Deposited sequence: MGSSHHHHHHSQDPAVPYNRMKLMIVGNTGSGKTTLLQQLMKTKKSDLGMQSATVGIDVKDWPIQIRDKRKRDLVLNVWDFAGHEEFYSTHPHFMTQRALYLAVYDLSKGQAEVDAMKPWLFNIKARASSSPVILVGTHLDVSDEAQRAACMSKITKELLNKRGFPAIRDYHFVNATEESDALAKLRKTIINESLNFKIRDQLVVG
């Protein structure tokens, strides 16, 4: 019922982190794919169709705006190895998340710990504490983590625990 949204910029490690974190029906519930189409009549290059394939009633129902905006926990992912600019790049994401719901909980995750310098990590921690944590106008940043997203580790296990706890505690206001 609760949704875990994984957001961030491309190549930051979202899909890799989820695969590692995750380490019922016969079909997928919602399949989203792009369908490019060429037009017989020129002078009008068609866009592509963004196709949403729903398995049934329950899956369509789960995409009602109320669930999409008010029953979602966010993982905001960034690449530590590109430095403090990547924390800067999380600000437009937080503003966007806040606009969906004022009460959206967010867990910040920096990936690529294994190829990040100590200077980049300290710079990112300082930026998060100084500019992102408990700011009115941002979502509630419940926690923040630094992981190598490609392997198991104590740091990844604690992130799993944080996701479980925030989901269980979602029925609460901070």
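Visitor: Quick one: where does the model skip the deposited sequence?
Guide: Absent from the structure are positions 1-19, 43-50, 202-206.
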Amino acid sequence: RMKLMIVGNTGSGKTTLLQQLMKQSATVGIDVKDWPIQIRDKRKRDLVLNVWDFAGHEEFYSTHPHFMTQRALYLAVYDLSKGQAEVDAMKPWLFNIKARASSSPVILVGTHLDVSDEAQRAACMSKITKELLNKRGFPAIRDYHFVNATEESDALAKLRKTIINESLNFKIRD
From here on, numbers count along this sequence of modelled residues.
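Visitor: Once you work out the mean C-alpha B-factor for both 138-146 and 61-69 from the entry, which is higher?
Guide: Per the PDB record, 138-146.
Visitor: Do the C-alpha atoms of 8-16 or of 154-162 have the higher average B factor in the entry?
Guide: The recorded data point to 154-162.
Visitor: Which one of 133, 106, 30, 115 shows the biggest C-alpha B-factor in the PDB entry?
Guide: Highest CA B-factor of the listed options: 133.
Visitor: Sort the modelled residues of this chain by their C-alpha B factor and say whether residue 53 lands in the lowest, middle or highest third.
Guide: It falls in the bottom third of the chain.
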